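Per chain, numbering begins at 1; letters A, B, ... match sequence-line order. Remember, it's 1-based here, ligands and their atoms both numbered in the order they're listed.
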Amino acid sequence: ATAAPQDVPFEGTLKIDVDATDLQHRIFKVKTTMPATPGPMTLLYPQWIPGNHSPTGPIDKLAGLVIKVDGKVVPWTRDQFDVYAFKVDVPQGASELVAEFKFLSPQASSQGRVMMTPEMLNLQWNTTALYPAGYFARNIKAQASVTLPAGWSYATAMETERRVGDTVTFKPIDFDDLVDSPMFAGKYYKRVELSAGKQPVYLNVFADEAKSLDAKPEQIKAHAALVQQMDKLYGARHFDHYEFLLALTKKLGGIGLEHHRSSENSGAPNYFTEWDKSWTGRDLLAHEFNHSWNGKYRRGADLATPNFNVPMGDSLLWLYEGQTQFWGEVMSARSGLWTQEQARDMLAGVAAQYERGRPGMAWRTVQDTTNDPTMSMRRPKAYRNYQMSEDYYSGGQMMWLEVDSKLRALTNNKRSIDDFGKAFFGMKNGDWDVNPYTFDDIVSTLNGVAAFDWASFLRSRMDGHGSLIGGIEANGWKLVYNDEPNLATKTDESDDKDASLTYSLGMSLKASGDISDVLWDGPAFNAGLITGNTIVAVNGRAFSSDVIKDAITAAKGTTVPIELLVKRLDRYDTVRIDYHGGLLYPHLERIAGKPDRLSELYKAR
Amino acid sequence: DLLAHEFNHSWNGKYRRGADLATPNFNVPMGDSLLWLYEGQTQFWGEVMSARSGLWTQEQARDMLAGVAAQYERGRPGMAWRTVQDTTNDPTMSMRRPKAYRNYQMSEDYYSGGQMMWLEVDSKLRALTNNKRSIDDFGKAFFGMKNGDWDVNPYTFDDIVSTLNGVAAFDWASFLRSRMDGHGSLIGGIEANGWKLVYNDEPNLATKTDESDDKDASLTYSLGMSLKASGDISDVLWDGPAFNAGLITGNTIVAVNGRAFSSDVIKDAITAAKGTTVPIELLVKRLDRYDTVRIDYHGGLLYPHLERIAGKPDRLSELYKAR
Ligand SMILES: CC(C)C[C@H](NC(=O)[C@@H](O)[C@H](N)Cc1ccccc1)C(=O)O
Ligand SMILES: [Zn+2]
Ligand SMILES: [Zn+2]
């Protein structure tokens with residue numbers, strides 16, 4: 001019901017002034033000022049947010065909305081068929097419209113991710129913005145300011161005009177870049193140089209406590225190496241400068257969100273201080289950084305929408321996210337954020353997920369999972385393994401691994417997926433506007449690296465129900481299962497003594513015995529068990545992770561079922577599970593006769 | 001009954017005291033042999049006087065007495081080997097430290113077992129005298145001398161006998177010894193004074209009040225155990241059904257016929273098992289292990305009450321009546 005945005009000039013400047021001082025209530029106070037055009041005027045609250053691929057704009061957290069034209073309140077009417085659109089009537093001869101409101105950010109995780117704490121805050125300008133309908137967002141010149149808690153430091157890719165006391169005024173910027181230029185602020189801050197030169201890269205760290213900022217030299221070097229390895233892959237940087245934003249916290253809501261010249265990232269307080277325990281999540285900065293090339297600069301044409309209030313088409317997210325998931329893990333190994341053994345066991349877990357952990361592939365394609373952002377909005381799902389769940393990430397990753405192996409085979413290892421990366425994202429160094437692409441562009445660039453029917457290859461994997469893990473064998477390794485723990489599973493389990501048993505009993509458990517996941521058609525599923533039931537005892541003994549694992553091993557090769565005493569709501573029963581395969585965890589093993597292209601792929605350049 | 005109990009001791013215990021208990025200083029041992037008078041008859045008068053004074057209703061006092069009677073009819077299997085007299089040694093033996101089986105080791109039964117004997121003494125005094133004398137006459141004769149005197153006036157066993165004989169001639173020495181040195185019934189005073197101990201599924205008023213608010217489950221006369229609302233067993237009756245399933249205090253009843261434990265859940269299952277041949281299935285936690293036991297108990301919920309014997313004179317109500 002809101003008129004379509006037009007690629008026409010916007011006269012004047014959209015001023016967005018935010019007071020971010022009410023940490024106790026977690027309220028962002030907002031004033032938006034813009035020229036007022038006589039007649040009906042519709043203002044938009046951003047709905048579809050770039051990088052979320054879904055209508056995540058928190059419309060019901062916009063409160064206290066009062067709109068004044070030249071100082072006189074004008075009543076507003078919401079469009080009942082577009083609840084993000086507010087309509088007012090501007091009198092003839094008017095000059096200026098001011099909208100004031102408050103963004104009531106989450107006071108608990110049940111409302112969304114927390115954005116204010118006693119020590120830090122995360123300002124996402126889309127949550128504090130109203131903008132006129134009828135214009136391509138990039139045509140609206142904007143200028144933002146923020147009043148910070150007293151004395152706090154801040155970081156953002158957006159250039160500062162002046163700080164007066166605790167009020168930071170930024171230089172004017174196009175409105176789409178404003179939304180794409182989030183800010184972290186906090187009292188415990190460290191700025192770390194990752195790459196000097198004409199297109200510099202910095203790491204901005206905020207923490208709950210100052211002791212978490214003590215990054216050691218080798219740990220900083222791994223982040224600096226990430227930047228160096230991206231240069232080798234792409235040969236260009238799509239920014240004039242880049243600002244990593246990293247929150248080390250137990251209070252701010254978790255985040256990984258890419259932008260052209262920055263990314264919003266969260267880690268635990270021990271990101272640096274316990275480097276060897278916090279490794280499984282360290283592909284995060286590599287992942288989001290890669291999006292500066294793959295997602296921000298190059299974007300699918302159906303995803304690159306003209307404003308924030310028309311729907312996004314996610315059809316090509318298996319490139320956007322899929323190949324970024326691939327490069328995040330590859331680049332973690334190439335830079336030293338991960339060890340080679342860590343990256344290899346992680347890849348083994350991905351391969352196992354599609355060989356045995358995704359029975360839903362029998363009926364649903366990876367391509368259809370590009371609709372999961374809008375279908376589910378990351379709300380809880382009963383069977384991620386059977387409904388599927390954004391597999392354009394990891395399923396896409398496996399496809400790109402096979403693409404790499406095929407490029408090598410076609411060219412006697414003279415070309416690889418690195419050549420696609422440079423060809424598709426390496427043009428136009430320094431540009432950070434949007435360069436759209438279609439499916440045919442992907443095929444054409446791949447064909448330019450090595451001639452082959454890439455259109456049929458891509459569609460057969462993304463529209464099919466068959467194996468996605470062919471890149472493992474083609475690049476010289478084989479997926480196996482044994483009772484040796486997977487490094488990723490072990491690290492993810494060991495803090496609370498949880499039990500991941502996907503490939504043995506077909507479920508995962510918390511240390512409490514509560515079932516946290518059940519594999520469709522697996523042994524636990526076939527006993528009627530669901531997530532939320534509790535394993536009370538194993539063969540009569542009070543549950544623990546060691547107890548149930550010992551029982552699985554004890555049942556290997558026998559005919560005596562494992563007796564699980566189960567609590568289902570307010571009832572207790574004993575189920576007999578005839579599982580005798582023992583503990584099974586995925587790993588990769590070399591195929592001795594074939595060249596090891598996998599290790600070449602994961603090797604630093 | 002607390003203030004009635006301790007007040008009665010001003011007469012029975014402080015003023016009149018057994019000679020072996022009335023020691024010359026605080027640092028030579030006390031002889032407790034006569035505590036079934038000191039505490040036993042005071043336990044008796046504490047409850048009687050609660051009814052006479054209105055601290056308790058008559059219905060409350062009657063259900064309390066029913067619980068005492070049931071305790072010695074069915075709740076004290078230890079009487080098969082231990083006498084009430086020997087429990088006067090429990091203060092020094094145990095110092096009220098925790099014991100596994102109050103019902104089998106016995107536990108200061110000179111209180112409530114003594115109370116039951118004194119009820120029977122009352123009934124016998126009435127029977128010997130065509131209801132012209134009662135235990136009230138022993139109270140006045142034994143403790144009613146020397147108004148205003150609060151020095152200690154010691155007594156021996158023979159003094160108890162002679163004063164009882166003065167109320168109504170009878171071989172009181174053999175009577176007292178037969179009850180305090182015996183292993184047989186102590187509840188004869190109930191029927192002699194016109195009532196009968198019965199059990200049914202109607203809650204005992206004392207048990208109900210003691211159960212309430214915390215949602216506990218006293219099941220002594222059905223499953224032979226008591227439980228907290230959590231399912232933790234708080235008591236087990238020797239040779240009862242729970243005992244015969246190997247259960248001990250501290251074990252936990254996790255489920256009843258598969259349903260998560262509650263006091264209502266286990267009570268409903270007991271009622272559902274009344275008159276059938278389907279055992280009650282209890283899921284039990286014993287330390288860190290779980291097992292299911294089958295209890296073949298089909299008597300239903302059983303709580304003690306007193307009921308009139310219609311043909312007999314109601315002396316019990318006279319005893320509990322305000323004077
Ligand atoms: C902490 C990490 C798990 C974060 C990780 N982030 C990403 O993949 C980003 O590149 C995504 N662009 C973040 C995203 C995608 C879809 C809907 C909402 C948010 C994610 O999976 O959300
Ligand atoms: Zn991503
Ligand atoms: Zn007393």
Can you find an N/O atom of [X] closer than 3.5 Å to an N/O atom of ligand 1?
X        : result
A/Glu258 : yes
A/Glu390 : no
A/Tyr320 : no

Check your understanding: Is the distance from the Zn ion (ligand 2) to some N, O or S atom of A/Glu258 under 2.8 Å?
Key -> no

Practice item. Note the single closest protein heavy atom to atom 8 (O) of ligand 1, along with its residue, its atom name and the distance in Å. Key: A/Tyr393 OH, 2.8 Å

Check your understanding: Tell me, which protein residue and heavy-atom name are nearest atom 18 (C) of ligand 1, and how many Å apart are they?
Key -> A/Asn52 OD1, 3.2 Å

Study note, to complete from the structure: Shortest non-hydrogen pair, A/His260 vs A/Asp177, comes out as CD2-OD1, 4.3 Å

Point to revise | Within 45° cone of A/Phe424 ring axis and under 6.0 Å: A/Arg298 NZ or CZ | key: yes

**Study point:** N/O/S atom name from A/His287 that is nearest to the position of the Zn ion (ligand 2)
**Key:** NE2

Point to revise | Atom of A/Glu321 closest to the Zn ion (ligand 2), considering N, O or S atoms | key: OE1

Point to revise | Per-atom contacts, ligand 1 versus A/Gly256 - under 4.0 Å to a heavy atom | key: 4 (C), 6 (N), 7 (C), 9 (C), 11 (C), 13 (C)

Revision key, fill the gap. Ligand 1 atoms nearer than 4.0 angstrom to some heavy atom of A/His291 are 10 (O)

Point to revise | 4.0 Å protein heavy-atom contact status of atom 16 (C) of ligand 1, strictly under | key: yes

Which is closest to [atom] by heavy-atom distance: [options]?
atom                    : options                               : result
atom 14 (C) of ligand 1 : A/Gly328, A/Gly254, A/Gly51, A/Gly295 : A/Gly51
atom 21 (O) of ligand 1 : A/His53, A/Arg378, A/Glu321, A/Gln325 : A/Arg378
atom 2 (C) of ligand 1  : A/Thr56, A/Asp283, A/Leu284           : A/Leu284

Review point. So, B/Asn12 and B/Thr42: side-chain donor and acceptor under 3.5 Å apart, yes or no?
Key: yes

Exercise for review: Please confirm whether the backbone N or O of A/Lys296 pairs with a side-chain atom of A/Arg299, one donor and one acceptor, at under 3.5 Å?
Suggested key: yes

Practice item. Ignoring hydrogens and angles, tell me if any N or O in the side chain of A/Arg282 forms a donor-acceptor pair with the backbone of A/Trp275 under 3.5 Å. Key: yes

Practice item. Apply side-chain hydrogen bond (donor to acceptor under 3.5 Å, both in side chains) to the pair A/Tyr320 and A/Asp314, showing each step before the final yes or no. Key: CA-CA 9 Å; A/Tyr320 190 127; A/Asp314 293 346; over 6 Å; no

Check your understanding: Hey, mind stepping through B/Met49 and B/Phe7 against side-chain contact (heavy atoms from CB on, under 4.5 Å) and telling me if it holds?
Key -> CA-CA 10 Å; B/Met49 285 296 175; B/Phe7 191 46; over 6 Å; no

Review point. For ligand 1, which part of A/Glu288 has a heavy atom less than 4.0 Å away: the side chain, the backbone, both, or neither?
Key: side chain

Exercise for review: With the Zn ion (ligand 3) as the reference point, give the N/O/S atom of B/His9 that is nearest.
Suggested key: NE2

**Study point:** Ring geometry between A/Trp338 and A/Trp279 (parallel below 30°, tilted from 30 to 60°, perpendicular above 60°)
**Key:** perpendicular

Review point. Do the charged groups of A/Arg384 and A/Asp517 touch, with an N to O distance under 4.0 Å?
Key: yes

Practice item. For the pair A/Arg138 and A/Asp433, find out whether any cationic side-chain nitrogen is under 4.0 Å from an anionic carboxylate oxygen. Key: no

